[PDB]
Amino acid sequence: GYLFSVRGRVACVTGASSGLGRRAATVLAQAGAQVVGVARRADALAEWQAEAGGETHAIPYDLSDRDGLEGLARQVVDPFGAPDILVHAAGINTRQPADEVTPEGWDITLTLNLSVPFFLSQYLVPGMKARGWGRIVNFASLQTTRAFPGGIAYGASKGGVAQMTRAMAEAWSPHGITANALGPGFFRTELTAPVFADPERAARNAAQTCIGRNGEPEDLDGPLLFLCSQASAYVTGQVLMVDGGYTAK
């Protein structure tokens, strides 16, 4: 049971003001990790801190600013020290189908979904190396493997994430840092507004799973804590789909 603890660890979670990142940041805080939540909007982070309890700190930062990311990383280590756990839950889907992709929509998708996870990890790994222990949790997608309408830049980024996660393990796992990717199926969030707003679409997606339902926020708590804890010490370089068996059918 100790096996699954994150008590006394330090975590940084990006995308912590909404969606699955907010859930992850709250789970980790309620499980006793000290949590640094990063997202654009101070007011949304303050509501997060109010719900989350435990011991947290908020940092408003626009993760589309890559030049500033090394300064963010210094901010991240200030409240509680170097993080042991890093969760890259910030992300975007512009939903531009191929013929309508703009340079701007392509670029913001690769920046936020792929490049920012890489560099923020690069900046934060030294502290983990020093302790000989770290957990990196990237966010893969059904669109790591299956192309959906409007998804082309998103799936490019998310096929990138999976290989990036393997490459993170190849570089950093000899030093005690594991890197894996949670692959949520369809959960009600900001990214999935069209999939859920049309109920016929939502129900088709539910029927595509083996269980027969879409995801609820609580469905990610277990797999998150597993990937953030001693339980997963020999699991690295893997994508763990949390999708009710969508990918089995």
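Residue numbers run from 1 along the displayed sequence.
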**OP:** Could you check the entry and say whether 211-219 or 53-61 has the higher mean CA B-factor?
**Re:** 53-61
Original post:
Do the CA atoms of 199-207 or those of 36-44 have the higher mean B-factor in the entry?
Top reply: 36-44
**OP:** Tell me, lowest, middle or highest third: where does the Cα B factor of residue 120 rank within its chain?
**Re:** middle
Original post:
Thinking about Cα B factors across the chain, which third does residue 97 belong to?
Top reply: middle
Original post:
Taking the entry's C-alpha B-factors for this chain, is residue 238 in the lowest, middle or highest third?
Top reply: lowest
Subject >> Entry-reported Cα temperature factor of residue 106, expressed as the chain third it lands in >> reply: lowest
Subject >> Ranked C-alpha temperature factor of residue 84 among modelled chain residues, by third >> reply: middle
